[PDB]
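Okay, so here's the structure we're looking at.
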Amino acid sequence: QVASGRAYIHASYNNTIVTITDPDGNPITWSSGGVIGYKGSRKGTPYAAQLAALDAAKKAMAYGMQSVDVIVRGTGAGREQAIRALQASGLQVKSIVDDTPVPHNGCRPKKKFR
Amino acid sequence: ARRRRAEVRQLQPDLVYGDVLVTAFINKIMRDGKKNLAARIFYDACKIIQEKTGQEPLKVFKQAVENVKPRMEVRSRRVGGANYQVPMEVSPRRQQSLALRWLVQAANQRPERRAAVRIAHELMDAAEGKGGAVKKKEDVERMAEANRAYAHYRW
Amino acid sequence: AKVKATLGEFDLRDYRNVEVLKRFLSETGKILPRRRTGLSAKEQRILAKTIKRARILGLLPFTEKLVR
Amino acid sequence: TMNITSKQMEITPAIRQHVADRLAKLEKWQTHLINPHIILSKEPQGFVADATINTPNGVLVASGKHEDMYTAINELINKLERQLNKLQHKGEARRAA
RNA sequence: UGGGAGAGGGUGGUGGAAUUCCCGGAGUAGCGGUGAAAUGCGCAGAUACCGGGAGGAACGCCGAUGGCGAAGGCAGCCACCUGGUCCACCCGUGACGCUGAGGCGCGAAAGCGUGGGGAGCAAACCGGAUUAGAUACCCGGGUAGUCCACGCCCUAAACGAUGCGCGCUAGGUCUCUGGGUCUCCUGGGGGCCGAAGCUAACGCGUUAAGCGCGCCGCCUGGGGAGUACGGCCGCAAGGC
Ligand SMILES: [Mg+2]
Ligand SMILES: [Mg+2]
Ligand SMILES: [Mg+2]
Ligand SMILES: [Mg+2]
Ligand SMILES: [Mg+2]
Ligand SMILES: [Mg+2]
Ligand SMILES: [Mg+2]
Ligand SMILES: [Mg+2]
Ligand SMILES: [Mg+2]
Ligand SMILES: [Mg+2]
Ligand SMILES: [Mg+2]
Ligand SMILES: [Mg+2]
Ligand SMILES: [Mg+2]
Ligand SMILES: [Mg+2]
Ligand SMILES: [Mg+2]
Ligand SMILES: [Mg+2]
Ligand SMILES: [Mg+2]
Ligand SMILES: [Mg+2]
Ligand SMILES: [Mg+2]
Ligand SMILES: [Mg+2]
Ligand SMILES: [Mg+2]
Ligand SMILES: [Mg+2]
Ligand SMILES: [Mg+2]
Ligand SMILES: [Mg+2]
Ligand SMILES: [Mg+2]
Ligand SMILES: [Mg+2]
Ligand SMILES: [Mg+2]
Ligand SMILES: [Mg+2]
Ligand SMILES: [Mg+2]
Ligand SMILES: [Mg+2]
Ligand SMILES: [Mg+2]
Ligand SMILES: [Mg+2]
Ligand SMILES: [Mg+2]
Ligand SMILES: [Mg+2]
Ligand SMILES: [Mg+2]
Ligand SMILES: [Mg+2]
Ligand SMILES: [Mg+2]
Ligand SMILES: [Mg+2]
Ligand SMILES: [Mg+2]
Ligand SMILES: [Mg+2]
Ligand SMILES: [Mg+2]
Ligand SMILES: [Mg+2]
Ligand SMILES: [Mg+2]
Ligand SMILES: [Mg+2]
Ligand SMILES: [Mg+2]
Ligand SMILES: [Mg+2]
Ligand SMILES: [Mg+2]
Ligand SMILES: [Mg+2]
Ligand SMILES: [Mg+2]
Ligand SMILES: [Mg+2]
Ligand SMILES: [Mg+2]
Ligand SMILES: [Mg+2]
Ligand SMILES: [Mg+2]
Ligand SMILES: [Mg+2]
Ligand SMILES: [Mg+2]
Ligand SMILES: [Mg+2]
Ligand SMILES: [Mg+2]
């Protein structure tokens, strides 16, 4: 069991996946917009993310998780609602950092982002 | 409509109970402009929920109204290329109106023959908790709870 | 609150003045605009070019995680 | 069903049928052809062929004029195709965003 | 002579972010994608997360209505080699000048030949959708090619649809780069607005499309047609 750890939010236009890990970054448990029961574009909404965050706290708290630094990646719509849900869950949420990957103009992107 | 909110008609209180909501139900019973008939069908039922239930028609009546008032409803909206079922909160004017409408409707499905009997027995089941009248409310609500995912698409 | 004010004279080429240079970077390690440094077009070029060498020597970051 | 009205002219069951063979083009879109009505007539310049048809997604209404009677029928069907094909695909555009 | 600015060009190095793949760990019922979906991927352990590694390509912020080039075009950072150009002194030469049919060189991309490289992307192609149908648009895959060297090809909305040089004809303003004596004054660029004037109008206007001189290229109704024949060039495609 681990009392302190990391909560990751991968927030995309299609979905919000949330995984909670240990202080060493190795996953304890994870939820997602599909896990709580949605298919298709529903998996992208904030309610979708809100359920995945809460099922992720609900999950990790059952292992003794208490404190979590929050890490956020991606400009999804259900993003800001995922962080609220983590705080209003009962987890010490000691930080929020945003490690969103931006390339310094690297690989040419697919036609739909050009 | 297209220029301002039309004003809600106030309705005169009745003369058997002096209530403004007992009247607004009387109307919903009334067919082809025969209000005298709308009265004696309703009132006969008030006798009924007294004969078979030692309590107050106006008490049974109003409680059944608060038992069919749909707190949440869905109201469609075409977002992008799909007509989603967005969950709107309901106006207490509309809650009133749907409850009164669904009562007679859920009543005028019942099996017993005379109308006044169906109006009492449906108010005698909605005031308690059961009845097809309440089912409409409970169904409509679960239709909105199931679609709270789109509750942000509200206006 | 412009950056060039909160700093008396300084060399716009001393790539080893991490203390002065680091102020010209945003809280996400990025090179700040002219609207925020107050350097003219002429001098803003030399700032950026020496931030970039300072990064290569390792004295300055290329990017920083955003905290809240 | 399919109704045909020759106003102030005489035509034949054969000619009337040729109209039906020509409205059948609109069946290509596989949408309901509700009470289609073909009105024929003769101006001092050539024939006029009118048509009102309603579908699940709207009505079609056009008029084709020409010297040749049958050539007016094609132009009428020419304009009816365009109105129907728009009714079937106009709502497809505004899907994004 | 003495200074400046700059993604100008070439060569050799090297920095960090991101994607993909492989390896280690940890973990599980989905992930991905769309307008909504499905193909696809996933209990043979995916996605999400941490560590290790390989590799190619492009350089985030700065970055701009910006800078440079004769045009095409040029953007991490370092160094070498190299071009064009502006400024200030008014020292030297002594009309040495302008243009320029031919000629020669340069010439985005795509394409070609030999060899290398190949992460991402992606013609062709396959499959899913969309749809009346959908040889498309959207989605999941994917080969040339995109990248390096050398050699070809020589095209373009190669655009300012505005050839070059010189002179002359209000100004206001914003900006880049110099020089003063630094308020401001003046040179060289980049725009905007406008005097006169021009223009069929739209618009141009000291960055002329105004007023003038020199020289070059070019036009002479639309289609046929940038086609045919011929000739030259090209490996071919195809170019003139
Ligand atoms: Mg989705
Ligand atoms: Mg009714
Ligand atoms: Mg009903
Ligand atoms: Mg019940
Ligand atoms: Mg008929
Ligand atoms: Mg007749
Ligand atoms: Mg007839
Ligand atoms: Mg046709
Ligand atoms: Mg049309
Ligand atoms: Mg010199
Ligand atoms: Mg591959
Ligand atoms: Mg693994
Ligand atoms: Mg990794
Ligand atoms: Mg930019
Ligand atoms: Mg420019
Ligand atoms: Mg002299
Ligand atoms: Mg002399
Ligand atoms: Mg010359
Ligand atoms: Mg020549
Ligand atoms: Mg070329
Ligand atoms: Mg090429
Ligand atoms: Mg080939
Ligand atoms: Mg080839
Ligand atoms: Mg090749
Ligand atoms: Mg070969
Ligand atoms: Mg490959
Ligand atoms: Mg296909
Ligand atoms: Mg198909
Ligand atoms: Mg077919
Ligand atoms: Mg396809
Ligand atoms: Mg594709
Ligand atoms: Mg691909
Ligand atoms: Mg091939
Ligand atoms: Mg080949
Ligand atoms: Mg090529
Ligand atoms: Mg080459
Ligand atoms: Mg251009
Ligand atoms: Mg030019
Ligand atoms: Mg031309
Ligand atoms: Mg030119
Ligand atoms: Mg100046
Ligand atoms: Mg100065
Ligand atoms: Mg220039
Ligand atoms: Mg100027
Ligand atoms: Mg102007
Ligand atoms: Mg004038
Ligand atoms: Mg003239
Ligand atoms: Mg001027
Ligand atoms: Mg002057
Ligand atoms: Mg100029
Ligand atoms: Mg002109
Ligand atoms: Mg010339
Ligand atoms: Mg001709
Ligand atoms: Mg050609
Ligand atoms: Mg030939
Ligand atoms: Mg040719
Ligand atoms: Mg030519």
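The chains in the structure tokens are called A, B, ... from first to last as shown; in each chain the residues are counted from 1, and the ligands are counted from 1 in the order shown.
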Residues at most 6 Å from range 45-56 of chain C, counting only C-alpha atoms (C1' of nucleotides), excluding those fewer than 6 positions away in the same chain, as a list in words?
residues 12, 13 and 15 of chain C; 15 and 62 of chain E
request  = Within 9 Å of ligand 7, which residues show up when you count only C-alpha atoms (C1' of nucleotides) and all ligand atoms? List them as JSON, numbers by chain, please.
outcome  = {"D": [5, 6, 7, 8, 9, 10, 11, 12, 13, 16]}
Please save C-alpha atoms of the selected residues as a PDB file, in the first residue's frame.
ATOM      1  CA  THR D   5     -54.131  16.492 -65.493  1.00  0.00           C
ATOM      2  CA  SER D   6     -54.125  17.728 -69.093  1.00  0.00           C
ATOM      3  CA  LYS D   7     -55.555  21.248 -68.808  1.00  0.00           C
ATOM      4  CA  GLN D   8     -57.406  22.373 -71.961  1.00  0.00           C
ATOM      5  CA  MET D   9     -55.665  19.683 -74.019  1.00  0.00           C
ATOM      6  CA  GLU D  10     -56.366  16.085 -74.872  1.00  0.00           C
ATOM      7  CA  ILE D  11     -53.691  13.456 -74.408  1.00  0.00           C
ATOM      8  CA  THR D  12     -53.765   9.654 -74.439  1.00  0.00           C
ATOM      9  CA  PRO D  13     -53.255   6.813 -71.962  1.00  0.00           C
ATOM     10  CA  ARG D  16     -50.033   9.748 -69.804  1.00  0.00           C
TER      11      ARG D  16
END
At most 10 Å from ligand 14 (only C-alpha atoms (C1' of nucleotides) and all ligand atoms): residue list as a PyMOL selection string: chain E and resi 60-64
Using only C-alpha atoms (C1' of nucleotides), find which residues of chain E lie within 12 Å of chain C and jot them down as a list in words.
residues 4, 5, 6, 14, 15, 16, 17, 60, 61, 62, 63, 64, 66, 67, 76, 77, 78, 175, 176, 177 and 178 of chain E
Next, write the just-selected residues to a file, as a PDB file, in the first residue's frame, keeping C-alpha atoms (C1' of nucleotides) as the atom set.
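So the final result, stored in out_3.pdb, reads:
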ATOM      1  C1'   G E   4      26.555  48.096 -39.172  1.00  0.00           C
ATOM      2  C1'   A E   5      22.386  44.763 -39.648  1.00  0.00           C
ATOM      3  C1'   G E   6      20.606  40.138 -41.437  1.00  0.00           C
ATOM      4  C1'   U E  14      26.393  19.504 -31.962  1.00  0.00           C
ATOM      5  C1'   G E  15      21.409  20.719 -28.377  1.00  0.00           C
ATOM      6  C1'   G E  16      16.601  19.836 -26.576  1.00  0.00           C
ATOM      7  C1'   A E  17      11.280  18.791 -27.084  1.00  0.00           C
ATOM      8  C1'   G E  60       8.462  25.240 -29.823  1.00  0.00           C
ATOM      9  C1'   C E  61       8.912  30.059 -27.150  1.00  0.00           C
ATOM     10  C1'   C E  62      11.629  34.096 -29.049  1.00  0.00           C
ATOM     11  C1'   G E  63       8.808  35.103 -34.049  1.00  0.00           C
ATOM     12  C1'   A E  64       6.613  40.236 -35.594  1.00  0.00           C
ATOM     13  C1'   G E  66      10.012  41.575 -38.779  1.00  0.00           C
ATOM     14  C1'   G E  67      14.844  40.549 -41.329  1.00  0.00           C
ATOM     15  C1'   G E  76      17.676  25.323 -32.904  1.00  0.00           C
ATOM     16  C1'   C E  77      22.923  26.256 -31.623  1.00  0.00           C
ATOM     17  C1'   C E  78      28.398  26.463 -32.631  1.00  0.00           C
ATOM     18  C1'   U E 175       8.078  49.764 -38.435  1.00  0.00           C
ATOM     19  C1'   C E 176      13.490  47.685 -39.558  1.00  0.00           C
ATOM     20  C1'   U E 177      18.563  49.098 -39.912  1.00  0.00           C
ATOM     21  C1'   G E 178      22.295  52.726 -39.591  1.00  0.00           C
TER      22        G E 178
END
Using only C-alpha atoms, I'd like every residue of chain B that has an atom within 9 Å of chain D; please write them out as a list in words. residues 79, 80, 81 and 82 of chain B
Go ahead and save the residues from that selection, with N, CA and C atoms, as an mmCIF file, in the first residue's frame.
data_model
loop_
_atom_site.group_PDB
_atom_site.id
_atom_site.type_symbol
_atom_site.label_atom_id
_atom_site.label_comp_id
_atom_site.auth_asym_id
_atom_site.auth_seq_id
_atom_site.Cartn_x
_atom_site.Cartn_y
_atom_site.Cartn_z
ATOM 1 N N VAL B 79 -27.302 18.530 -31.665
ATOM 2 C CA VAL B 79 -25.929 19.006 -31.547
ATOM 3 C C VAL B 79 -25.119 18.354 -32.654
ATOM 4 N N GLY B 80 -24.474 19.178 -33.471
ATOM 5 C CA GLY B 80 -23.732 18.678 -34.609
ATOM 6 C C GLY B 80 -24.627 17.943 -35.581
ATOM 7 N N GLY B 81 -24.528 16.620 -35.587
ATOM 8 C CA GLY B 81 -25.337 15.809 -36.471
ATOM 9 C C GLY B 81 -26.068 14.719 -35.724
ATOM 10 N N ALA B 82 -26.537 15.038 -34.523
ATOM 11 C CA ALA B 82 -27.278 14.083 -33.718
ATOM 12 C C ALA B 82 -28.249 14.851 -32.837
#
Give me, as a VMD selection string, the residues of chain A touching chain B, with the criterion being at most 12 Å (counting only C-alpha atoms). chain A and resid 33 36 to 39 41 to 51 77 to 78 81
Set the distance at 12 Å and use only C-alpha atoms (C1' of nucleotides): which residues neighbour range 112-124 of chain B once local chain neighbours fewer than 2 positions away are removed? I'd like the list as a ChimeraX atom specification. /B:25-26,28-30,37-68,99-110,126-135
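Here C1' of residue 190 in chain E stands at a distance of 15.3 Å from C1' of residue 85 in chain E.
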Return as JSON, numbers by chain the residues of protein, DNA or RNA that approach ligand 25 to within 12 Å, with only C-alpha atoms (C1' of nucleotides) and all ligand atoms taken into account.
-> {"E": [112, 113, 114, 235, 236]}
